[PDB]
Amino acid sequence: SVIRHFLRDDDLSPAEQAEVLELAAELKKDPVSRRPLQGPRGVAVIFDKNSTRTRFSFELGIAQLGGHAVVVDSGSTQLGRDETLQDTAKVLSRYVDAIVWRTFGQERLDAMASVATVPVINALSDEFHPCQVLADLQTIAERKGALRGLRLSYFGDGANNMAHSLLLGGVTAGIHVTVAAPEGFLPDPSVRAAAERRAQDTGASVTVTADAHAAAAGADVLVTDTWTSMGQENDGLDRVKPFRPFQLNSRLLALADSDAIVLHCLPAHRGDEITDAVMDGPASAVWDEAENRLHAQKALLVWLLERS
């Protein structure tokens, strides 16, 4: 079999993504019913930059599949410094059945996947956050049923990993995705083109706008994220002024559908991209969304392992 990897949301076809999301719902109901890693077999969970929350969901999820996660955090020498990335991948492939990697540039993930003989999963990268969006789609389906035809709007920095993955993963599910962002902070053109092509196959659409009011109107799902990642704190820009009109606050939420829900990948900077009232309010699904990282990532691993 071809080894399957999951480095970006569109690595799954629409039918494959539906299979993974249905498995996520099954695993939420019966969390120890799938044991492909019984043994235990190993899975590498490697952090070029620590993310303690990604650590909880993957370490526990792997264990609930019967496996043993070997967790490497940024205390270790960064992968590729002491030894070529290719050499490390060949050794890892002798010890583990899958490699979960949080890293920076997408080309590093691509390189690992080209040489490893086990599935490689992007746990979080500069360009994409596909496991978060699987958990988001699971959360939306829990609350609203069929995903096809829903309207989702994302607000804030339109070129970050969540904007890119909501575009790609959302249209793969048949969701009409809107990115509301200031000029200068718009989605990468190759990601946007990929999302537009995928939307053709599912009946979805891609919209990019600077009009936050228009993006909120009629939306079923509103999403935001922090405006600035750690790498961007020294980029020289004022990263508050451009985004203030895109804050997810009660006024924005009241423009959406009466049954709209609110998502946010965490961590949240309350008072910047989202207000306490919205985050702690009845439309917020952020805590269920965080829980579903555990279930959606287990489903993905089960699915990749059985295909590889």
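For every residue, the number given is its place in the sequence shown, counted from 1. We call the rigid core whatever largest set of C-alpha positions still superposes within 1.5 Å between the two forms.
- After superposing on the rigid core, the larger RMS C-alpha deviation in 8 other deposited structures of this protein belongs to 67-75, the other candidate being whichever of 90-98 and 67-75 remains.
- For the pair 80-88 and 210-218, rigid core superposition yields a higher RMS C-alpha distance in 8 other deposited structures of this protein in 80-88.
- In every other compared PDB entry of this protein that covers both flanking sides, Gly184 is modelled, so it falls short of the one-third threshold for missing coordinates.
- Among the other PDB entries of this protein that were compared and that flank it with modelled residues, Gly231 is left unmodelled in a third or more.
- For the segment pair 209-217 and 127-135, the entry gives 209-217 the higher mean B-factor, averaged over Cα atoms.
- Per-stretch averaging of Cα B factors for 103-111 and 170-178 places 103-111 on top.
- By the numbers in the PDB entry, the CA B factor is greatest at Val72 among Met162, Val72, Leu152, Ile121.
- When the CA B factors of the chain's modelled residues are split into thirds, the value for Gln247 lands in the middle one.
- Per the PDB record, residue ranking by Cα B-factor puts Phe56 in the middle third of the chain.
- When the CA B factors of the chain's modelled residues are split into thirds, the value for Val262 lands in the lowest one.
- Placement of the Cα temperature factor of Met230 within the chain: highest third of the modelled residues, per the deposited record.
- In the PDB entry, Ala116 places in the highest third of its chain by CA B-factor.
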